[PDB]
2 protein chains.
Amino acid sequence: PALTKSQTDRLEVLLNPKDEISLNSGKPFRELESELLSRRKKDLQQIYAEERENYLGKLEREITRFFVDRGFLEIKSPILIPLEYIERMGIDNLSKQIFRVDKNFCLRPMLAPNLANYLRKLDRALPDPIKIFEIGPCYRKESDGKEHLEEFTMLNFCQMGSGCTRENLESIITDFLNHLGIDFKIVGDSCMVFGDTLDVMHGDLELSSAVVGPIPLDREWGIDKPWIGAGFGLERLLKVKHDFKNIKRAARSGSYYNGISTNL
Amino acid sequence: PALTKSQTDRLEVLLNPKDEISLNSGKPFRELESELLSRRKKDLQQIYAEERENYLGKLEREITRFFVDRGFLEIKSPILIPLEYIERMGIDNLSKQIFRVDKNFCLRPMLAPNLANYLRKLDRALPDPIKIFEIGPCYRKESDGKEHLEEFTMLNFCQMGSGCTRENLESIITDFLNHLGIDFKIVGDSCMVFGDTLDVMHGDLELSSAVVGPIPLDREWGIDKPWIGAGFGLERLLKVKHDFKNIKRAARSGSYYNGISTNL
Ligand SMILES: Nc1ncnc2c1ncn2[C@@H]1O[C@H](COP(=O)(O)OP(=O)(O)OP(=O)(O)O)[C@@H](O)[C@H]1O
Ligand SMILES: Nc1ncnc2c1ncn2[C@@H]1O[C@H](COP(=O)(O)OP(=O)(O)OP(=O)(O)O)[C@@H](O)[C@H]1O
Ligand SMILES: N[C@@H](CCCCNC(=O)OCc1ccccc1Cl)C(=O)O
Ligand SMILES: N[C@@H](CCCCNC(=O)OCc1ccccc1Cl)C(=O)O
Ligand SMILES: [K+]
Ligand SMILES: [K+]
Ligand SMILES: [K+]
Ligand SMILES: [K+]
Ligand SMILES: [Mg+2]
Ligand SMILES: [Mg+2]
Ligand SMILES: [Mg+2]
Ligand SMILES: [Mg+2]
Ligand SMILES: [Mg+2]
Ligand SMILES: [Mg+2]
């Protein structure tokens with residue numbers, strides 16, 4: 001009844017959180033693999049027959065509706081951005097985590113720079129307060145492990161003008177995570193782009209970093225009003241919602257569809 | 001009444017297709033600029049007050065519903081892909097249009113490789129026929145002009161197994177563009193990745209290239225069944241729908257929101 005590392009890895013790929021199957025049950029590999037293969041095929045067949053929606057896409061749509069309905073403008077900004085945005089976010093040569101493209105471009109590691117540009121520009125046209133959000137891919141070179149991806153999906157919402165207080169920021173975070181049914185706490189932390197943050201924690205998992213401005217970086221971006229904002233990783237939200245052991249189950253991938261192995 | 005090139009460019013930025021304003025009317029720049037600025041601020045204020053949805057995001061959601069409701073599985077696959085996928089799509093060192101990332105990766109220039117992988121894998125689990133689609137960013141270095149972007153958004157749908165005929169492919173294209181209200185014709189063309197294509201044309205604008213397999217490239221991807229597929233550019237669909245002069249009005253950008261200049 002002794003399984004090799006390769007056999008255990010194959011079974012872990014096929015195991016899903018809802019299964020009440022122990023790989024250490026004492027059953028031989030052939031029977032555990034056959035059982036899990038049958039369950040996962042059934043799971044994919046049910047998805048194909050009924051809903052057909054991708055978890056990341058569906059969560060993006062649900063989040064989009066939530067923020068649009070609360071008065072935030074939906075932004076879709078470039079993923080491929082000037083490398084100069086990095087230096088100007090105060091990221092001195094995190095900078096090592098940047099995927100570079102050609103000589104003067106990079107894949108955005110966060111949504112903040114593009115959203116700062118939109119806050120500044122929209123403040124010339126829209127009534128106070130300015131409320132915007134974006135959901136989309138971001139990129140960082142990571143270690144990684146069970147909680148970091150190199151290609152992940154960020155939500156960042158922000159507001160500039162009136163109402164940009166710690167209590168309003170916390171209230172939006174609370175309403176949002178209550179909508180998703182996710183328990184959390186808020187702890188204070190610091191990072192080097194923004195200074196002090198409010199970190200939104202689910203256990204020992206960071207779901208979001210949030211900031212109450214103004215901060216001295218604002219001048220580099222032409223921001224000259226109070227502001228609040230928060231960034232959330234969608235794959236981390238999915239990891240919590242579906243109780244995935246590893247965040248890769250939630251990622252853009254050819255190896256899992258809605259957390260189900262595609263190697264069947 | 002003579003406007004400089006810089007003045008005309010500024011007015012063209014602020015002009016929208018619905019305006020019945022001629023820059024050559026004889027009015028001075030100051031009055032044309034003031035009028036257009038007021039119209040565009042009004043337009044953005046109305047968007048902010050009412051719908052708040054981004055054109056690219058909203059079109060993606062509408063397309064997603066169309067294909068999900070017709071039995072296609074929604075895919076979200078990596079944007080950052082192995083450079084090896086390029087060579088294996090038969091793209092010999094289009095290859096010059098690839099944005100390279102590090103030494104062994106690139107930004108995907110098309111959705112086909114990831115979708116071929118999903119067709120192959122899903123054929124081991126799902127009943128015939130296999131029907132899938134993806135919408136998302138793709139990247140090519142272009143010239144460019146009024147119809148090409150370096151960062152654009154592709155829809156690619158495909159089917160493998162039964163029903164993979166020219167007539168079914170045309171029927172899906174027809175139902176899809178009828179749903180969007182876009183007139184078109186089909187013309188034969190060729191490309192070097194897929195061979196003969198059916199090009200979906202709106203006037204002299206190519207909306208899609210479509211392929212009826214099998215093709216000899218299939219073996220490199222483990223595809224061994226009949227298949228059909230088509231790829232559409234969402235920004236080109238928006239250019240037609242909103243009568244934009246230049247495709248940049250439709251792109252991910254900090255310079256236009258739903259075709260309205262953000263420089264106000
Ligand atoms: N590599 C990554 N993979 C997946 N999600 C991420 C990654 N980096 C950040 N996120 C998500 O984006 C949110 C805001 O990003 P932020 O810039 O605060 O990241 P972070 O503080 O470096 O995260 P961590 O401390 O876990 O590395 C995070 O709270 C997390 O949900
Ligand atoms: N650079 C681009 N910018 C915007 N849309 C594009 C671009 N390249 C391709 N598309 C869209 O993707 C669809 C399928 O792409 P395909 O690989 O057939 O491109 P293509 O034939 O090179 O386009 P074109 O002939 O106009 O350069 C095209 O019909 C078009 O709608
Ligand atoms: N993941 C991010 C943390 C996200 C916190 C929210 N940030 C935001 O809403 O930015 C908009 C903004 C507005 C005004 C001035 C400047 C700026 Cl950036 C990080 O890397 O710390
Ligand atoms: N824009 C693209 C044209 C898109 C046409 C549709 N292609 C497709 O559905 O691929 C799936 C697929 C299935 C099976 C075997 C191989 C493959 Cl690729 C280009 O660059 O010509
Ligand atoms: K389990
Ligand atoms: K990924
Ligand atoms: K016009
Ligand atoms: K773009
Ligand atoms: Mg980090
Ligand atoms: Mg952190
Ligand atoms: Mg953080
Ligand atoms: Mg081309
Ligand atoms: Mg062409
Ligand atoms: Mg083509």
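All heavy atoms count here, side chains included; hydrogens, waters and symmetry mates do not. When a ligand or atom number is given, it counts from 1 through the structure's own listing order. Note on naming: letters A, B, ... go to the chains in the order of the sequence lines (proteins, then strands), and numbering restarts at 1 for each one.
For B:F72 and B:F66, the gap between ring centers reaches or exceeds 6.0 Å. With ring centers used as reference points, B:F232 lies under 6.0 Å from B:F176.
In terms of modelled atom types and a separation under 3.5 Å, the side chain of A:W221 and the main chain of A:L115 share no donor-acceptor contact. A donor-acceptor pair under 3.5 Å is absent between the side-chain atoms of B:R252 and the main chain of A:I75, judged by distance alone. In terms of modelled atom types and a separation under 3.5 Å, the side chain of A:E220 and the main chain of A:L217 share no donor-acceptor contact.
For the residue pair B:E60 and B:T153, no side-chain donor N or O sits within less than 3.5 Å of a side-chain acceptor on the partner. There is a side-chain donor-acceptor pair under 3.5 Å between A:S255 and A:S253. No hydrogens or angles considered: a donor-acceptor pair under 3.5 Å links the side chains of B:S209 and B:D199.
Residues A:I223 and A:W227 come closest through the heavy atom pair CG2-CD1, 3.8 Å.
Protein contacts to the Mg ion (ligand 13) involving N, O or S atoms at a distance below 2.8 Å are B:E206 OE1.
Looking only at protein N/O/S atoms, the ones less than 3.4 Å from the K ion (ligand 8) make 2 in total.
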